[PDB]
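In: When you get a sec, could you give me coordinates for this:
(one chain, ligands or ions: 9)
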Amino acid sequence: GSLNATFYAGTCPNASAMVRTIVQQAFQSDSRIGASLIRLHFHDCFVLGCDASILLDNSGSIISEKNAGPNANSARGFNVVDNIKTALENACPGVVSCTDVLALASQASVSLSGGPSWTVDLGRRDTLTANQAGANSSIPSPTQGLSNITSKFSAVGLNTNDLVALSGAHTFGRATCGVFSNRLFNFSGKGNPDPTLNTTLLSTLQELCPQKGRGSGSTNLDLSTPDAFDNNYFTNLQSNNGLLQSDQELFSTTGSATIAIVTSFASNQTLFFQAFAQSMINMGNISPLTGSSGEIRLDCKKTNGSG
Ligand SMILES: *[C@@H]1O[C@H](CO)[C@@H](O[C@@H]2O[C@H](CO)[C@@H](O[C@@H]3O[C@H](CO)[C@@H](O)[C@H](O[C@H]4O[C@H](CO)[C@@H](O)[C@H](O)[C@@H]4O)[C@@H]3O[C@@H]3OC[C@@H](O)[C@H](O)[C@H]3O)[C@H](O)[C@H]2NC(C)=O)[C@H](O[C@@H]2O[C@@H](C)[C@@H](O)[C@@H](O)[C@@H]2O)[C@H]1NC(C)=O
Ligand SMILES: *[C@@H]1O[C@H](CO)[C@@H](O[C@H]2O[C@H](CO)[C@@H](O[C@@H]3O[C@H](CO)[C@@H](O)[C@H](O[C@@H]4O[C@H](CO)[C@@H](O)[C@H](O)[C@@H]4O)[C@@H]3O[C@@H]3OC[C@@H](O)[C@H](O)[C@H]3O)[C@H](O)[C@H]2NC(C)=O)[C@H](O[C@H]2O[C@@H](C)[C@@H](O)[C@@H](O)[C@@H]2O)[C@H]1NC(C)=O
Ligand SMILES: *[C@@H]1O[C@H](CO)[C@@H](O[C@@H]2O[C@H](CO)[C@@H](OC3O[C@H](CO)[C@@H](O)[C@H](O)[C@@H]3O)[C@H](O)[C@H]2NC(C)=O)[C@H](O[C@@H]2O[C@@H](C)[C@@H](O)[C@@H](O)[C@@H]2O)[C@H]1NC(C)=O
Ligand SMILES: *[C@@H]1O[C@H](CO)[C@@H](O[C@@H]2O[C@H](CO)[C@@H](O[C@H]3O[C@H](CO)[C@@H](O)[C@H](O)[C@@H]3O)[C@H](O)[C@H]2NC(C)=O)[C@H](O[C@@H]2O[C@@H](C)[C@@H](O)[C@@H](O)[C@@H]2O)[C@H]1NC(C)=O
Ligand SMILES: *[C@@H]1O[C@H](CO)[C@@H](O[C@@H]2O[C@H](CO)[C@@H](O[C@H]3O[C@H](CO)[C@@H](O)[C@H](O)[C@@H]3O)[C@H](O)[C@H]2NC(C)=O)[C@H](O[C@H]2O[C@@H](C)[C@@H](O)[C@@H](O)[C@@H]2O)[C@H]1NC(C)=O
Ligand code: HEM
Ligand SMILES: *[C@@H]1O[C@H](CO)[C@@H](O[C@@H]2O[C@H](CO)[C@@H](O)[C@H](O)[C@H]2NC(C)=O)[C@H](O)[C@H]1NC(C)=O
Ligand SMILES: [Ca+2]
Ligand SMILES: [Ca+2]
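Out: Numbers count the residues shown, from 1 in each chain. Ligands and ions are numbered 1, 2, ... in the order given. Now the structure:
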C-alpha cells in the first residue's frame, strides 16, 4: 500500500536519529539488544505482516504472540522498544507507529553494530489483534529443514537470495541450548552428533549443554565476532561452524542453490551488506496495514483504549 521513506517528513522528521539514540543507549548495558531488536521485526513481519502484532501483551481479548513457540522465553527487548516509543511520543505525540518503530530500530541496530545502513520505508500501522497460532506455524524453525524453511520465506514473498542474506543476521546475538542441542548427541536419530558440526565447536557445546541437563546454557550465534555485524557468519559456515541446524544447512546441503550465495557473501562483505539491506526492505514490505487501517498505538504493549 506504498510505504515510503519520507512518511514522517512533516510530522516527525527526526524519528530516525531519535530511535538511533535510544538504541545506542541501550547497547551500553546490553550487548545483545541490537540482535534482539531486529529479531522482533522479523517475527513481526512473518505473522500477519509488519503490524506490531508481536508487541501486544495478553488480555481478555489477546492471546499474545509472546507466548508462541518461537517467542516464549526467547524473544526479548520489549522494554527497550517501549523506551524508544516513549522518546518518539515525547517529540512527536501520536505519530510514529510501533510497527515502524521496529523497522527503524532494526536499521539502527545493524548500523550501530558496524553494519550497513538502509533507507527504511515507513507508514505501517498497528494491529488491533495478535496471532499466536500464526506465530506457531508461520515462523521458521531451526530443525525443520531447508526445504520447509525456504517455503516459509516464499510464503511471505521472500526468495532464496533473501533467505541467505537475512540468515546473516545471525552474525550477532545469542542462542539457548535447546534450539541447537539436537545436533549434539543423537542427531536425526542417528545416534551420533551432526557430522556437519565442527568437532571443536561440538565439544564446547556438549559441555555447555549436557544431554540430561536443564538446558540453561546460552552461547553466541557467531563464534567469530559475536557482536559485530559482519560477513563472518558466512565464513563460519565454510568451516562447519554455523550454530543452528538451519545455519549450517545453508552451506552443507548438497546441491542447494544457497551454497554459492554463502560463498559469495563469504568472499565479499560488501555484497552481503548490499543484499542484506535490500532484503530487510523486502521483509519490511510484508502485508502492512496502511492509511486508516490499524492505528498508531500510544503504548506498544496495548491497543488504544486498553491502557
Ligand atoms: C508517502 O506516503 C504518504 C502517505 O500515503 C504520503 O502522504 C499523504 O499524502 C496524502 C496526499 O496524497 C495526504 O492526504 C491529504 O490529507 C489531508 C488531511 O490530513 C486532506 O485534507 C487531504 O484532502 C484534500 O486534498 C485532496 C487532494 O489530495 C482532495 O482530493 C480532497 O478532496 C481534499 O480537498 C488529503 O486527504 C487525501 O485526499 C485525497 C485522497 O485520495 C486521500 O485518501 C486523502 O488522504 C496525506 O495527509 C498524507 N499523509 C501523511 C502522513 O502525510 C506522502 O505524500 C506526499 O506527502 C504528503 C504530505 C502530501 O504532500 C502528498 O501530496 C505528497 O505526495 C508520500 N510521499 C511520497 C514521496 O510518495
Ligand atoms: C537415537 O535416536 C533414535 C530415535 O529415538 C533411537 O532409535 C531407535 O529408536 C527406537 C528405540 O527406542 C526404536 O524403536 C523400537 O523399535 C523396535 C523394533 O522396530 C521395537 O521393538 C521397539 O518397541 C519397544 O518394544 C515394545 C514392544 O515389545 C514397545 O511397546 C515399547 O514402546 C518399546 O519402545 C521400539 O518401537 C517403537 O515403540 C514405540 C512406538 O511408538 C514407536 O513407533 C516404535 O518405533 C527405533 O526403531 C530406532 N529408530 C532408528 C532410526 O534407529 C536411538 O536409540 C538407539 O539406542 C538404544 C536406545 C536402542 O533403542 C537402539 O535400538 C537404538 O538404535 C538413539 N540412539 C542413541 C545412542 O541414543
Ligand atoms: C502455540 O505454541 C505454544 C507453545 O508450544 C502453545 O503453548 C503451550 O502449550 C502447552 C500445552 O498445550 C503448555 O503446556 C504444558 O506442557 C505440557 C506439555 O508437554 C502439558 O502436558 C502440561 O499440561 C503443561 O500445562 C504450555 O504451557 C504452553 N507454553 C506457553 C509458553 O504458553 C500454544 O498453545 C496454546 O496455549 C496453550 C496454553 C493451550 O491453551 C493451547 O490450547 C493453546 O493453543 C500454541 N498456541 C496456538 C494458538 O496454537
Ligand atoms: C563486491 O560486492 C560489491 C557490491 O555488490 C561489488 O561492487 C558493486 O558492483 C556492482 C556491479 O555488479 C556495481 O553496480 C552498479 O552500480 C553502477 C553505478 O554506480 C550501475 O551503473 C550498475 O548498473 C550497477 O547497478 C555496484 O555499484 C558496486 N557497489 C559498490 C558499493 O561499489 C563489488 O564489485 C567489483 O567492483 C565493482 C565496482 C565492479 O567493478 C565489479 O565488476 C567488481 O566485481 C564486489 N567485488 C568483487 C570482487 O566481486
Ligand atoms: C573447524 O573450525 C576451525 C576453527 O574455526 C577451522 O579452522 C580454521 O579455518 C580457517 C579458515 O581457513 C583458518 O583461517 C585462515 O585463513 C583465512 C583467510 O581467508 C582467514 O579468514 C582466517 O582468519 C585465517 O587467517 C583458521 O586458521 C583455521 N584454524 C585452525 C586451528 O586450523 C576448521 O577448518 C579446517 O577445515 C577447513 C575449513 C579448512 O579451512 C582447514 O584449513 C581448516 O583447518 C574447522 N574444521 C572443519 C572440518 O571445518
Ligand atoms: C532463516 C530462518 C531462521 C531461523 C530458523 C531462525 C531461528 C532462530 C533461533 C532458534 C534463534 C535463537 C532463539 C533462542 O535461542 O532463544 C534465533 C535468534 C536470532 N535471530 Fe534467527 N531465525 C531465522 C531467521 C532470522 C532472520 C530473518 C532474522 C533477522 C533478519 C533473524 C535474527 C535473529 C537474531 C538477531 C537472533 C539473536 C537474538 C538475540 O540474541 O536476542 N533470524 N533465530
Ligand atoms: C535529531 O536527533 C538527534 C538525536 O536525538 C538530535 O541530537 C542529539 O541532541 C542531544 C541534545 O543536545 C545531544 O545530547 C546528543 O549528543 C545529540 N546526538 C546526536 C547523534 O546528534 C538532534 O538535535 C535532532 N535534530 C532536531 C532538529 O531535532
Ligand atoms: Ca505481525
Ligand atoms: Ca559477527
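
In: So what does the closest residue to residue 94 other than its chain neighbours look like in phi/psi?
Out: Once flanking residues are discounted, residue 94 sits nearest to residue 296: 5.9 Å by C-beta to C-beta, 6 or more residues apart in numbering. Just so you know, the C-beta spots here come from the backbone N, C-alpha and C atoms, and that holds for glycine as well. When read as degrees, to the nearest 10, the backbone of residue 296 gives phi -100, psi 110.

In: how near is residue 296 to residue 223?
Out: Distance of residue 296 to residue 223, computed by C-beta to C-beta, to the nearest Å: 41 Å.

In: what do you get for residue 143?
Out: From residue 143 to residue 223 the distance is 20 Å (C-beta to C-beta).

In: With residue 134 instead?
Out: 33 Å.

In: Between the two, which is the more surrounded one?
Out: residue 223 (18 against 15; other C-beta atoms under 10 Å).

In: and residue 225, helix, strand or coil?
Out: Recorded secondary structure, residue 225: coil (DSSP: H, G, I helix; E, B strand; the rest coil).

In: I figured it was touching residue 171, is that so?
Out: Yes. Taking contacts as C-beta atoms under 8 Å, residue 225 lies within contact range of residue 171: 7.2 Å.

In: sorry, back to before: ok, the residue nearest to residue 94 - contacts?
Out: 94-97, 125-126 (C-beta atoms under 8 Å, 6 or more residues apart in numbering).

In: Return a ChimeraX selection command for the buried portion of these.
Out: In ChimeraX, a selection of the buried entries from these looks like this (16 or more other C-beta atoms under 10 Å):
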select :95,96,97,125,126
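
In: OK, now which residue of the chain is nearest to ligand 1?
Out: residue 4 (3.6 Å; C-beta to the nearest ligand atom).

In: Verify the stated contact: that residue with residue 122.
Out: Yes. The criterion here is C-beta under 8 Å, and residue 4 meets it with residue 122 at 6.6 Å.

In: Among these two, which residue is more densely surrounded?
Out: With neighbours defined as other C-beta under 10 Å, residue 4 and residue 122 compare such that residue 122 has more, 23 against 11.

In: and the more buried one, how far is that from residue 50?
Out: 11 Å.

In: Touching both of these two, which residues are there?
Out: residue 103.

In: Specify the local secondary structure of residue 263.
Out: helix.

In: Can you tell me the closest non-neighbouring residue to it?
Out: Closest to residue 263 by C-beta to C-beta, 6+ apart is residue 238, at 7.3 Å.

In: Distance check, residue 131 against residue 81.
Out: 19 Å.

In: Let me know the secondary structure of residue 304.
Out: coil.

In: number of nearby residues for it?
Out: Residue 304: 13 neighbours (other C-beta under 10 Å).

In: Near ligand 5, which residues of the stretch 51-200 of the chain? Just list them.
Out: Where the stretch 51-200 of the chain comes near ligand 5, counting by C-beta under 6 Å from any ligand atom, the residues are 198, 200.

In: If you count surrounding residues, which of residue 131 and residue 81 has more?
Out: residue 81 (24 against 20).

In: Next up, the contacts around the residue of the chain closest to ligand 1.
Out: 121-123.

In: again, but for residue 100
Out: If you count contacts by C-beta under 8 Å, 6+ apart, then residue 100 has 7, 15, 122-124 around it.
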